[PDB]
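A.B. asks:
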Amino acid sequence: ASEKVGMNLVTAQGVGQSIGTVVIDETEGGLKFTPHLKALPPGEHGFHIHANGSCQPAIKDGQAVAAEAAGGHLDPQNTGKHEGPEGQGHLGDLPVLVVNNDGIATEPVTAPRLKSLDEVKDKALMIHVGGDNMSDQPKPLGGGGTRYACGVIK
Ligand SMILES: [Cu+]
Ligand SMILES: [Zn+2]
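Here full-length UniProt numbering is used: the first residue of the sequence shown is 20, the next is one more, and so on.
(1) Report yes if the C-beta of residue 105 is less than 7 Å from at least one heavy atom of ligand 2; otherwise report no.
(2) Output yes or no for whether 8 Å exceeds the beta carbon distance between residue 113 and residue 130.
(3) Quick test of your reading: residue 61 and residue 103, contact by CB under 8 Å. State the CB separation rounded to the nearest angstrom.
(4) Roughly how many angstroms lie between the CA atoms of residue 107 and residue 151, to the nearest whole one?
(5) Do you know whose CA, among 47, 42, 50, 57, lies nearest residue 28's CA?
(6) What three-state label does DSSP hand residue 136 in the structure shown?
(7) Threshold first: 3 residues or longer. Then list the beta strand (DSSP E) segments lying entirely within the segment 25-56, N to C.
(8) Compute the distance between the beta-carbons of residue 69 and residue 35, then report whether it is under 8 Å.
Take a look at the structure:
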């Protein structure tokens, strides 16, 4: 079973344009991700699910949060540490969205972290500025807590 999640760019103003969806397709090895996005910085980008579904910013002390109405990366009970190479953390954490040198991603990959669209039908996807393996600096993901795009599942 499958759902085509339309992701828009986000950058402290809130929802921008789109440049790609990602198709989510559930299987017995979980959520198969197949991206089709252009116009990103042509590296590698962390992939999360977030606690609410809302690609919208917050404003406080004369300054804007990138996009955060979606909540944290689905972080109910833990310590603050992120799910990764050792220990334990949040269940909304997923393998890194590789992009080719020309700024386009297509990699058919899978997250066994969840195994039906019914597990995400109230949430957002989020394409994160860094890849996603660290908790071990005074800010998590090595500072990669920022994001280029978001998409509410519908
Ligand atoms: Cu995130
Ligand atoms: Zn996390």
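C-beta atoms are modelled at their ideal positions from N, C-alpha and C, and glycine is treated no differently.
C.D. replies: Result, derived from the coordinates:
(1) Locating residue 105 in the sequence shown gives position 86, where the first residue counts as 1. Residue 105 Cβ: outside cutoff for every heavy atom of ligand 2.
(2) What you label residue 113 is simply residue 94 of the sequence shown in a count that begins at 1. What you label residue 130 is simply residue 111 of the sequence shown in a count that begins at 1. It is a contact, given that the beta carbons lie within the stated cut-off.
(3) Mapped onto the sequence shown, residue 61 falls at position 42. Mapped onto the sequence shown, residue 103 falls at position 84. No, residue 61 and residue 103 are not in contact; Cβ-Cβ is about 24 Å, not under 8 Å.
(4) Stepping through the sequence shown from its first residue, residue 107 is reached at position 88. Stepping through the sequence shown from its first residue, residue 151 is reached at position 132. Between residue 107 and residue 151, the C-alpha separation is close to 14 Å.
(5) Residue 28 sits at position 9 when you count from the first residue of the sequence shown. When only C-alpha atoms are compared, the closest one is 57.
(6) The residue labelled residue 136 in the question sits at position 117 within the sequence shown. In this structure, residue 136 counts as helix in the three-state DSSP scheme.
(7) 34-46, 49-54
(8) Looking up residue 69 in the sequence shown gives position 50. Looking up residue 35 in the sequence shown gives position 16. It is not a contact, given that the beta carbons lie outside the stated cut-off.
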